[PDB]
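What follows is a single chain, given as structure tokens, in the form deposited without the ligand.
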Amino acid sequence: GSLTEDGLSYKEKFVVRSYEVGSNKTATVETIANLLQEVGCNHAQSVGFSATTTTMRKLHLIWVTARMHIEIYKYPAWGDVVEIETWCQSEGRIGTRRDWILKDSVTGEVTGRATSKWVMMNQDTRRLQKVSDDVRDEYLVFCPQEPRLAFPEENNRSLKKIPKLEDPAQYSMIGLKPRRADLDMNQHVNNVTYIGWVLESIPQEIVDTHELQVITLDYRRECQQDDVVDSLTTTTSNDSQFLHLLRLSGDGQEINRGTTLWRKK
């Protein structure tokens, strides 16, 4: 991978692996989400970040994902080369945004796009806080100055408000627990595992006859290594739309909410 000529974005190619594909012999949405996270990490390393700045490490501050929105037009087949371009942008004191564009390396066509919202949080107390000017000036030299949006449209799905699923859920998958492969290098549950847990409550017949087109996921609280999760889904709708909720098995504390859109194969 490499930063582009202007040094304001990063590109990387990936060859789709045998264990990364589903029943259709094409990359799963979890493989796509892992590759977005990997290109994001390589962009941060290429410009000197950990994505903590110098001020952040002094004040015990970290960037955490608040929302992930992904739209896939074509999932790359096993053995195909996908090219991913990523860039960041400041959203004032609210936080930052990371965007991605996925392309077929052979045709050059856009096969997917993603956008994510990140907020500043104290690592220890878990208290969210606005972006200070001292931090903002350390990362603005690595962002495009004019707005560059993966989802530019006026009323796009990436900024829609997601409601809370009401009991009883139409479908559910109970007692989900993370294993060591679900944890990152800091022993925290990987953001992609939550995408998998959400999808677990979609019936197998929908997965067998439909393709996932859009997924929007809000991250409210994290799941600890010794926590247990319940995944809940209710149909809200040719296309099939679902409302999703991940909550802790015991007290029912919300960890995530989301929506998925599926199109008939």
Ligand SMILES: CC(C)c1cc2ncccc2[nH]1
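By rigid core we mean the largest C-alpha set that fits within 1.5 Å across both forms. The numbering used is simple: start at 1 and walk along the sequence shown.
Participant: Hey, after superposing on the core, which one moves around more in 9 other deposited structures of this protein, 51 to 59 or 208 to 216, CA-wise?
Facilitator: Stretch with the higher C-alpha RMS distance in 9 other deposited structures of this protein: 51 to 59.
Participant: Which stretch is more displaced from the shown form in 9 other deposited structures of this protein, 174 to 182 or 118 to 126, with RMS over structures and residues of Cα positions after a rigid core fit?
Facilitator: Checking 174 to 182 against 118 to 126 in 9 other deposited structures of this protein, I find the farther stretch is 118 to 126.
Participant: Given the other compared entries that model the residues flanking it, would you say residue 225 is unmodelled in at least one third?
Facilitator: Across the other compared entries, residue 225 is absent from none.
Participant: Find out whether the coordinates of residue 240 are absent in at least a third of the other compared PDB entries of the same protein.
Facilitator: Comparison shows residue 240 kept in all of the other entries.
Participant: Can you say how many deposited residues have no coordinates in the span between residue 45 and residue 46, choosing none, 1 to 3, 4 to 9, or 10 or more?
Facilitator: Nothing is missing.
Participant: Are any deposited residues left out of the model between residue 209 and residue 210, and how many (none, 1 to 3, 4 to 9, 10 or more)?
Facilitator: The entry has no unmodelled residues between residue 209 and residue 210.
Participant: Pick between 183 to 191 and 129 to 137: the one whose mean CA B-factor in the entry is higher.
Facilitator: The entry gives the higher C-alpha B-factor average to 129 to 137.
Participant: Comparing 156 to 164 with 111 to 119, which has the greater mean CA B-factor as deposited?
Facilitator: Stretch with the higher mean C-alpha B-factor: 156 to 164.
Participant: According to the Cα B-factor stored in this entry, which of the following is highest: 231, 65, 204, 54?
Facilitator: That would be 54, according to the entry.
Participant: Quick check on the deposited entry: does the C-alpha B-factor of residue 224 sit in the lowest, middle or highest third of its chain?
Facilitator: Middle third of the chain for residue 224's C-alpha B-factor.
Participant: Looking at the entry's B-factor column for C-alpha atoms only, identify whether residue 239 ranks in the lowest, middle or highest third of its chain.
Facilitator: Its C-alpha B-factor, which the entry lists for residue 239, ranks in the highest third among residues of this chain.
Participant: Using the temperature factors of the C-alpha atoms in this entry, rank residue 26 within its chain: lowest, middle or highest third.
Facilitator: Highest third.
Participant: Among the modelled residues of its chain, does the C-alpha B-factor of residue 249 lie in the lowest, middle or highest third?
Facilitator: As the PDB entry reports it, the C-alpha B-factor of residue 249 lands in the middle third of its chain.
Participant: Determine, from the deposited record, the chain-internal third of the Cα B-factor for residue 34: lowest, middle or highest.
Facilitator: Middle third by C-alpha B-factor.
The form deposited with the ligand bound exists for this protein as well; it is not shown, and the discussion that follows is about that form.
Participant: Does the 4.5 Å heavy atom contact test between residue 101 and the ligand in the deposited complex come out positive?
Facilitator: No.
Participant: Closest heavy atom of residue 240 to the ligand in the deposited complex, within 4.5 Å or not?
Facilitator: Contact with the ligand, no.
Participant: Counting only non-hydrogen atoms and a 4.5 angstroms cut-off, does residue 214 reach the ligand in the deposited complex?
Facilitator: Taking the distances in the deposited complex, the answer for residue 214 is no, it never comes within 4.5 Å of the ligand.
Participant: Determine whether any heavy atom of residue 128 comes within 4.5 Å of a heavy atom of the ligand in the deposited complex, and answer yes or no.
Facilitator: So residue 128 counts as contacting the ligand.
Participant: Looking at the ligand in the deposited complex, which residues in 207 to 225 have at least one heavy atom within 4.5 Å of it?
Facilitator: Those in contact are 219, 220, 221, 222.
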